[PDB]
Amino acid sequence: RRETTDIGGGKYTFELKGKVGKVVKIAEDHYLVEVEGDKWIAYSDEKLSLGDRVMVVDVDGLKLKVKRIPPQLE
């Protein structure tokens with residue numbers, strides 16, 4: 001029931017979808033969005049800013065589209 005029988009291996013959890021990640025680095029060729037503590041490979045049409053919060057709109061396997069989101073205070 002509780003016993004855990006998952007060794008793991010692949011960093012593909014296909015869960016980022018919906019989760020919020022932080023932009024640790026940006027690059028025209030590709031952007032680096034640290035999601036769930038893992039730098040992914042996403043691309044945004046709107047230039048992002050280091051430390052900008054973004055939520056994964058969708059994941060196409062090894063890529064997850066990120067969309068800048070407004071802070072709570074706002």
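Odds and ends about this structure:
- Computed from backbone phi, the HN-Hα couplings of segment 57-63 come to 6, 6, 10, 9, x, 9, 10 Hz, rounded to whole numbers (Karplus: 6.51 cos²θ - 1.76 cosθ + 1.60, θ = phi - 60°; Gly and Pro given as x).
- Spin-label pair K11-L73: with each label point 7 Å from Cα along the Cα-Cβ axis, the two points sit 3.1 nm from one another.
- Here the chain is assigned +1 on the Cβ of each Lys and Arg and -1 on the Cβ of each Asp and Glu. Its dipole about the Cα centre then comes out at about 180 debye.
- The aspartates and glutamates within cross-link reach of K11, meaning a Cα-to-Cα straight distance under 13 Å and a gap of 8 or more places when in the same chain, are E34, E36, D38.
- Value of relative contact order over the chain, rounded to a whole percent, pairs C-alpha under 8 Å and six or more apart: 28 percent
- For segment 17-32, the residues whose amide N sits under 16 Å from a probe point set 7 Å from the Cα of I41 along the beta carbon direction are 25-32.
FYI the Cβ positions are ideal-geometry reconstructions off the backbone, even for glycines, and counts take in every protein chain you see. Where a number appears in this text, it was derived from the coordinates with a stated rule and is not lab data.
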